[PDB]
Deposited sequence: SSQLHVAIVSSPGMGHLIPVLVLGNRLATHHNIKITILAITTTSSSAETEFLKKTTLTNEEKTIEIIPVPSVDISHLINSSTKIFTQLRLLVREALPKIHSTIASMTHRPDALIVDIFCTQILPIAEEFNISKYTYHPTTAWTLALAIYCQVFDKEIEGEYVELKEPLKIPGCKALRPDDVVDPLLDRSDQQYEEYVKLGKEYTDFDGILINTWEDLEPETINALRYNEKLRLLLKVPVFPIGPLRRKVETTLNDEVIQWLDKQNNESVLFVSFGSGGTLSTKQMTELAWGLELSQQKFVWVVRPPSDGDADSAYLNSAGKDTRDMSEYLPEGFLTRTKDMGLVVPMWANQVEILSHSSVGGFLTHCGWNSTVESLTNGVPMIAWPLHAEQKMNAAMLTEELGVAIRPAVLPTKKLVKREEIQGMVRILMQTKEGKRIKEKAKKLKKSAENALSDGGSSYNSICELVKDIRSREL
């Protein structure tokens, strides 16, 4: 059968574009699919727009093309209380005219549209043009089951979710501690709550849902999404675990971090990074600085100014005391390259799924320090279910983590026999992930099943 054309729509931000590009890459190379990426961007001045200028919009063999789609300016449509979830929904809504015309001009219409979590409002455009439409859930199956079931919790639960004193029971799935609810569930009176319940229903309107997870990681929740009688009252279409999708390493030979790592022993270094979406209070940054020093472990720490020469933000004499023990890297690092280095033995992260996937596919265990979005659910999975992470006694967003506990966690993970058990479990998940993505593996098979659904709908 002849070539399929699939357009994938990314919402604004590198955090959304990159996984879309990774999916596009996998579909064009291993699945004979011609890919168009519709990369919705902000009006101006984005890390994303800079990326798109430095990179080429098309590849050698004309199998992938990136079409930047700039949104309009939304600053007049928001205020200081407007949450990120709401802002993303609004940026895509405002780009719908330009998404519509972009698709209209495509003489060879796409055989299918795959849209981001934050692009489900494109659904009526797919309808209008008679294009098969699928959505891509860029994080765990557990969080997908929450979004879809939330419309039930909304009618069955009277007050704030955060005030419940019993787990929320997702049929057939892990029960959810009220402390761990995703961000939009923290305040039902906020606009983003209703937007989130709406999203959970919009999933149901698609022809299928791709998930950035794999069968062996979440067998219970995937099986529930497929067959559980209560969830299937709500979800009528298949799910496709096609992950874990992760960006490729792009080397920089003269990278001083990599040079410093090259001189360390195997699996001896704690990488500490809260990414771009992460900041700590002044008080928390001080405790983290002291915990790292007190641990006497090797570390690489990506530092950013705190929020209530990086020397101003560290304890007096920090860089002198920790010379030879630790590297303080300012603002940014090649994270995927660092996590693949043989000297890295642990990762203190916020548990964003992209970061988690980059860690697990390198077999690196974690200290789970969730901050926002769906990270508390990710952290709960990594520590309670998967056994590849340790964590503070109390959520960092509830209580200050003190230097003593941080010292103790770094030690447990990097020195004790317990930490070695956690590292071995992470090495097993690395293999599970590799198997899933291999030819004939579960995520490979799920892509073939997706392609069959697309073809079937054109008969």
Exercise. Which runs of the deposited chain sequence never show up in the coordinates?
Worked result: 309-324
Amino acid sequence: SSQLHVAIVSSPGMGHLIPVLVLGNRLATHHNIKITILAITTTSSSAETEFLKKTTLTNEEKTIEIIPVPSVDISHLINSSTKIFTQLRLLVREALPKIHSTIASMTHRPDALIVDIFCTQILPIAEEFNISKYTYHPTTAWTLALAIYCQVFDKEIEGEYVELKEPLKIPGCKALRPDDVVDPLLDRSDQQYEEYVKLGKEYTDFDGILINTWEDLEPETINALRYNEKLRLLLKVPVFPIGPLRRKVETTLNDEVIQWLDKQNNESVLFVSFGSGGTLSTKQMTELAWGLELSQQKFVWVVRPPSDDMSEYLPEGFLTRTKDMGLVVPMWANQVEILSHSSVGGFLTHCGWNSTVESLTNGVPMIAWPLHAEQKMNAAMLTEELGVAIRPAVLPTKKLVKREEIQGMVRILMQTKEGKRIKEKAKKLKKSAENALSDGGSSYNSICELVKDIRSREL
From here on, numbers count along this sequence of modelled residues.
Seminar exercise, completed: Assert higher mean C-alpha B factor (232-240 or 99-107, deposited values) equals 99-107
Seminar exercise, completed: Higher avg CA temperature factor (222-230 vs 160-168, as deposited) belongs to 160-168
Exercise. Per the PDB entry, which option out of 350, 248, 263, 137 has the greatest Cα B factor?
Worked result: 248
For this session: Check the PDB entry and point out which of 129, 142, 369, 299 has the largest C-alpha temperature factor.
Result: 129
For this session: Check where residue 376 lands among this chain's C-alpha B-factors and tell me if it's the lowest, middle or highest third.
Result: lowest
Seminar exercise, completed: Of the three thirds of the chain ranked by Cα temperature factor, residue 429 occupies the lowest
For this session: Can you work out whether the C-alpha temperature factor of residue 4 puts it in the lowest, middle or highest third of the chain?
Result: highest
Seminar exercise, completed: For residue 315, the third of its chain by CA B-factor is the middle
Exercise. By its CA B factor, does residue 11 count among the lowest, middle or highest third of the modelled residues in the chain?
Worked result: middle
